[PDB]
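Working notes for the structure below.
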Amino acid sequence: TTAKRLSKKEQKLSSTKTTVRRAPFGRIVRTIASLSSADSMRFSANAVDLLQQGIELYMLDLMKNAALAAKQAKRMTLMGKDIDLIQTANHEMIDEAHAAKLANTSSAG
Amino acid sequence: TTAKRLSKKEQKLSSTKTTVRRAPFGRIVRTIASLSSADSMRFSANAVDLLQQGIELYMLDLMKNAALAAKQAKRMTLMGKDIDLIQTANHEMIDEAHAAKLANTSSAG
Amino acid sequence: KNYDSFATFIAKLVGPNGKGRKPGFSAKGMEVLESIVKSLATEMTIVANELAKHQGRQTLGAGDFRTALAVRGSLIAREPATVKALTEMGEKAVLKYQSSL
Amino acid sequence: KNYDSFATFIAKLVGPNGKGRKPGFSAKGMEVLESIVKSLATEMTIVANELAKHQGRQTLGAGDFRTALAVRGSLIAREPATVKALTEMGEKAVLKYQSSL
Amino acid sequence: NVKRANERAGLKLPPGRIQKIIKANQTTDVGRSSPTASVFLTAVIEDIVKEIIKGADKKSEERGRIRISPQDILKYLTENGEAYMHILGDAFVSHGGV
Amino acid sequence: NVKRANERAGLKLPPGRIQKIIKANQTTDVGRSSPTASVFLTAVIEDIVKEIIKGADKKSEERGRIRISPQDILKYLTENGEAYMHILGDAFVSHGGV
Amino acid sequence: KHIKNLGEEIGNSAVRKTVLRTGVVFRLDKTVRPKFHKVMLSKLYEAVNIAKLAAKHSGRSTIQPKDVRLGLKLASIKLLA
Amino acid sequence: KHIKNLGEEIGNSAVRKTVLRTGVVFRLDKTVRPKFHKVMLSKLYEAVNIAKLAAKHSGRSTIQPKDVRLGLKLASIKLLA
DNA sequence: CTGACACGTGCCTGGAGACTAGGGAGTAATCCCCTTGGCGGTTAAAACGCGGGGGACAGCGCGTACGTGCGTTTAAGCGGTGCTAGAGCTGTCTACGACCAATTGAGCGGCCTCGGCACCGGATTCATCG
DNA sequence: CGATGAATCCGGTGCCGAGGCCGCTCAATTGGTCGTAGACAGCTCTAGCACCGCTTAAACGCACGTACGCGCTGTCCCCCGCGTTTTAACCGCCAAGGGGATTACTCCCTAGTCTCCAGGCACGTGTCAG
């Protein structure tokens, strides 16, 4: 039940904390902005904090829906083939080759 | 292998004839137009066809998604609880009460 | 040059309280409570303007907005009281304003 | 007296008898072939006006449409393969009429 | 001077500020915008805001403290009083938890 | 005269009719709308529609006939040439197969 | 004639036809029908009353293609394109 | 080698915290982690490059809060309300 | 705790009378297109009883594959410092959209014809359970 | 080793849509300014970027054992199949009148300019609330 105990405090931490730390967000954001061009986009100090509060909540909602779908199948755990079903049920078209190229090959730094 | 042939015929040959005939559709549309009002609203001759072409094509996508979910759940038939998952994952929750008065209390046309 | 916002006016709503006290607030919730107003205003104004173009008119007042509120109530399937009280209040306010002509 | 429809022009663009088959057209083909143009010219101009308003301008001199077409080709994960060709075609057309003055 | 807009319709928020927002989004086929639409819109918005604040304040005290926080807005009055919630659409309030 | 503005810019559709619908959504505060906006949009739309028509014509003759119908546009071509389909992702078109 | 109440005007065979138009699942249980009826009527009620209100706002009494087109557009269902 | 390869900076801990943040499912298999990263990065790219284009179109070379607030709205994801 | 918001103050420009032109919305008048409605005669489709079978739910066995505790890194993170790209406001000259005559042909609305597709009737692949 | 219901293909038919005319009546040019908007050179001061040293939370990898996903099998019940009966689309035809659509007109309530003063915006300040 350690998972249950940690999930008890996870919401209370969520009221003030973030899932991925600030510097690993500043990088990632800067690296992606630097693509599709050849210039340093020179972000501000509040755009990153505005982006985080949207993306993290969006994916919290997505995984909540996916876990709800997984429970319905009388399966306790969560599998990847549950996400694709939710994504295609929301008509959210995606590209797989581009996503694989983005995730696999980069340097960030 | 009778349902397979029935589906093969329905998919191709019947690309014009709708699932529900025109006269019952007109009767239900006229009955629902006078709900929550105090005047016989009349209609036109080309609006009902547009309403049909909208509603039926809207329901077909939802049923395709629900059937895909049911097949993904390692099942062969289809159950009503499959539709509820898609309805929740796509938002727009229905007031359970209204649909009942609509299907049950409403009785005319 | 000044900036125009509802930061003070949001703090100006009903706070005098004798039976419940608590006329409190904070600066963390100011941003969300002032974005709510802008969101509602834009959302209903868009629908009122779109509904106006049907009639061929080019004027908005006490009409198109009321029908926009009714449409945003019907689309939500809200409880009848939520939209009924709001529209009755709006009619009362417009009557109070137009009493003095 | 006069109307707004593209039937004559829609039934004209493709050069007939490519191999000996002039493009025929049904009654219901026209409805979809005009609705596509309507929808495209509506959404693209909406996203090209909401960006010129963001900049703080008054004129849409086709430089506020290039970055709307690019936005609409990036939002749909559509690779620039068939967006750069359209952009080049549009830029070539713009110069054609402009130079004639 | 009638610039005492608060006592004109008994409201609080200044109708003018809402009117500029109204005039911001209007396709170039309307213009006009009679001044009696702003009063209607401002009254509706004022009632909504007053009700949500009144509802959230009482519960934001039981948890402790005497202020109003984004979590103390998302909880209860948005989750309990969903009538003033479904009208806007999504919630996505803030760092307010679940 | 350069009444052949279609010939002036090498187009087929009349730019004025596209400008009529361009101006329908200007949300005020902008106005103006220089005439160079219509030519670019008209050229792009003309290329799109020409490609769609050419493909649908090429692929309709496999079933036979000399007509283009919603069944020959929704299915057959758009599910094959999805590049011009995704840009208007909400197909839901007409009496067609899939 | 004996039973005229709403819902069954959408025939029992209509559900089979619309679920068989897609070649994924060829069977359905007893509880699928009421969910279909409730969903379809819940959508249609809003999609028709929006058009009725938009028609009545501009005077007139008879609904017309423009009004139903606007209602469909506002009901988050996007027509031919 | 290390080269801070992209996507791993959203470590397994972030995915686990996101999954356990809700209280319905307390387990996750090995297929979830490689899917979460690719689900996130596409959305982040499609919501960042739009704001970059909007920032470049208005002169300038730096991104401000209004640009990203416009990009989030355009990316079909609503914000605080 | 320590710093943040509610209290207090000074100022200025934007919200207000106010008076006027000038056009758009309300409204009576008029006719003719089009919605609704009743009859009925074939005739297709939905509703219904019956039988056999395959598909959902449920136990058991199995084994590999997550969760957990523990020692070990390792970059998040603070506060400080310095350096400079670029947001932001101002002053000047001008190109190019706007509104107004005057002219003229191109596409909208009707008519006329002739084939395109819906339709049926006939000849047969694959197959198949004896 | 044949061979059911049919896997699709050939041979026409005539019944109304799509394509070729056919003048005409406004919609797209064409010239002619001109007064605001977009451009653009200069500048001044702000915040974004880059690096150092210390400390401690947090992600991280390994050993081990159990919870749980998956395949097997008996089942029994509920969905489909098929003939048959009941209903009710639906197409041809004739009324009947509601209400869409155009015109006249005239008076109200928005648009715009001229002038003023007090409400709202930007600093000190302390005392409690995270």
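Protein chains in written order, with my numbering: chain R, 74 to 182; chain Y, 74 to 182; chain P, -2 to 98; chain B, -2 to 98; chain S, 131 to 228; chain W, 131 to 228; chain C, 8 to 88; chain G, 8 to 88.
Even for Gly, the Cβ is constructed at its ideal location relative to N, Cα and C.
For a Cβ distance threshold of 8 Å, residue set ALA88 of chain C lies close to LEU218/W, ordered along the chain. Contact annotation: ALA176/Y and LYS45/C have beta-carbon atoms nearer than 8 Å. A Cβ-Cβ separation of about 6 Å places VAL91/P in contact with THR166/S under the 8 Å criterion.
The beta carbons of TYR94/B and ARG134/W sit no closer together than 8 Å. Look at the segment 149 to 160 of chain S: the residues with a C-beta under 7 Å from a C-beta of chain P are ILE151, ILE152, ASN155, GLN156, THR157, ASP159 and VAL160. Following the DSSP letters along the chain, one finds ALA65/B inside the alpha helix (DSSP H) bounded by residues 60 to 71. If you look at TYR206/W, you'll find it isn't in any alpha helix (DSSP H); DSSP assigns it neither H nor E. The three-state reading of DSSP puts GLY17/P in coil, since its state is none of H, G, I, E or B. At least one beta carbon of chain C lies nearer than 8 Å to the beta carbon of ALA67/P. Among the CB atoms of chain W, one or more fall inside 8 Å of the CB of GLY26/B. Shown here, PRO72/C sits in a helix according to DSSP, grouped into three states. Under the criterion of beta carbons closer than 8 Å, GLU53/C and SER96/P do not qualify as touching, at roughly 37 Å. The beta-carbon of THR208/S is placed no less than 8 Å from the nearest beta-carbon of chain P.
With a cut-off of 8 Å on Cβ pairs, the segment 91 to 111 of chain R is not in contact with the segment 194 to 214 of chain S, counting fewer than three such pairs. Shown here for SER179/R: same chain residues with a beta carbon closer than 8 Å to its own, the five before and five after excluded, namely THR104 in chain order. Taking 8 Å as the upper bound for CB-CB distance, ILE33/P and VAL169/S are not in contact here, some 19 Å apart. Comparing alpha carbon positions, the residue from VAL55/C, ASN12/C and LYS73/C closest to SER110/Y is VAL55/C. In this structure, the CA atom of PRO13/B is about 4 Å from the CA atom of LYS19/B. Going by DSSP, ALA146/R is part of no alpha helix (DSSP H) at all; its letter is neither H nor E.
For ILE33/P, at least one C-beta of chain G is nearer than 8 Å to its own C-beta. Three or more Cβ pairs closer than 8 Å define a contact, and the segment 76 to 92 of chain P meets that threshold against the segment 137 to 151 of chain S. Per DSSP, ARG28/G is one residue of the alpha helix (DSSP H) stretching across 19 to 28. With a threshold of 8 Å between beta carbons, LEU123/Y makes no contact with chain R.
In this structure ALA88/G touches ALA221/S by the C-beta definition: roughly 7 Å separates them, less than 8 Å.
The same chain holds no residue with a CB closer than 7 Å to that of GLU192/W once the five nearest residues on each side in sequence are set aside. Within the segment 175 to 204 of chain W, those residues whose Cβ lies closer than 7 Å to any Cβ of chain Y are, in chain order, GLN201. Each residue's CA atom was taken as its position, placing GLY127/Y and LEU77/C some 12 Å apart. Along the segment 52 to 82 of chain C, going in chain order, the ones with a CB nearer than 8 Å to a CB of chain P are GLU53, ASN56, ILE57, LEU60, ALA61, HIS64, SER65, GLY66, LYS73, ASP74, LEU77, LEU81 and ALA82. For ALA82/B, not one C-beta of chain R is nearer than 8 Å to its own C-beta.
Taking C-beta separations shorter than 6 Å and ignoring five residues to either side along the sequence, the partners of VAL22/G in its chain run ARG40 and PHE43, following chain order. Against chain C, the CB of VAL223/W has a partner CB under 8 Å away; the residue lies at that interface. With contact defined as three or more Cβ pairs closer than 8 Å, the segment 56 to 66 of chain P and the segment 39 to 46 of chain P are in contact. Taking a beta-carbon distance threshold of 8 Å, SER36/P counts as an interface residue toward chain G.
Within the same chain, and ignoring the five residues on either side of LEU124/Y in sequence, the residues whose Cβ sits closer than 7 Å to its Cβ are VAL102. Annotated three-state conformation of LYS42/G is helix, per DSSP.
Of all alpha-carbon atoms in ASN19/G, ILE10/G and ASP74/G, the one lying nearest the alpha-carbon of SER117/R is that of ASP74/G.
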